């Protein structure tokens, strides 16, 4: 079968659980689309009621920041009449505003502006849908696919630059504050039975090295690459190439969201993370199988410096096997970041700079996460992960 009609293998990660992930493989003839612009993509997807099995082939580049006539849209097109970046910056400067939450005219105008862009860039994927790239050059630019539904396959697409014209300032996000933006390449918001395979995720033409710092903090226009939230469950992400991006994959969006416990069952395998800063993945609560992934970067990089690979967040249950991390000078301990509530990590065969390490022991974590994955394909020897992943991960490696 071609990529449009292929289903997730019956053993291929958490996505294969129960009813499995078949996406739109069973689509009848009038439910197979080929789309080459935003108008065509939106028409094909339809609304949440569009639950028939459907296949969507993406041909070439789909820019999501466009109007109904496909004319490109920018900051000034989206901007609320009351919003002004200079006045936003002056309103909320820590020096005069302090550390209280931005409120009042400029923040309300920014929030309205942000909703104006969201209306164009964010698109919901309905149940029983396969979206695949035709050829080696299928691209989604500026777009945020949201999956709240069940049974969705996304393959062979390069997602670039999910860009927010209206980052919000948070003075109490960390000790010196942070700017936060809204758009991921893919947001799994309570979505279930999902396969993301052979995709590429990057910051396109506008990497973070092109944004200034305001209040000493990067004016961050991006958010996640593949995020999973609000009871998202039964997901396989395989052979994807994540590169040149800050916060990659946050699974579980809140320590308060205790309903995520027993959910966020996600398998990550054969993914490449090159020049990714953090959250690869960052996990709260979930039983996440992480195997045969390759991580490569530099702590001294001026564009996207490596901070950590795995985020051991509150009640996380990461099961890691034969992953390979190549970050010069990095200690075994610093491969991961442990957050409050995170006490356990299973990792075997972890290679750091060619040397076998124990990331869990190096961080005083428990070695048991209370589960062992039964749904997985063949496990590569760590010795072969770098070659296999570089050669195979990402869009355009199949077509």
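Positions refer to the first chain, counted from 1.
Of the two segments, 370 to 378 and 65 to 73, the one listed with the higher mean B-factor is 65 to 73 (C-alpha atoms only). The deposited model assigns a higher average Cα B-factor to 298 to 306 than to the other stretch when 202 to 210 and 298 to 306 are compared.
Per the PDB record, 178 has a higher Cα B-factor than any other of 160, 322, 178, 144. Between the residues 313, 328, 286, 216, it is 216 that shows the highest Cα B-factor in the PDB record.
The deposited CA B-factor of residue 102 belongs to the highest third of values across its chain. The PDB entry assigns residue 350 a C-alpha temperature factor belonging to the lowest third of its chain's modelled residues. When the modelled residues of the chain are ordered by C-alpha B-factor, residue 150 sits in the lowest third. Ranked by Cα temperature factor within the chain, residue 11 sits in the highest third according to the deposited record. The PDB entry assigns residue 123 a C-alpha temperature factor belonging to the highest third of its chain's modelled residues.
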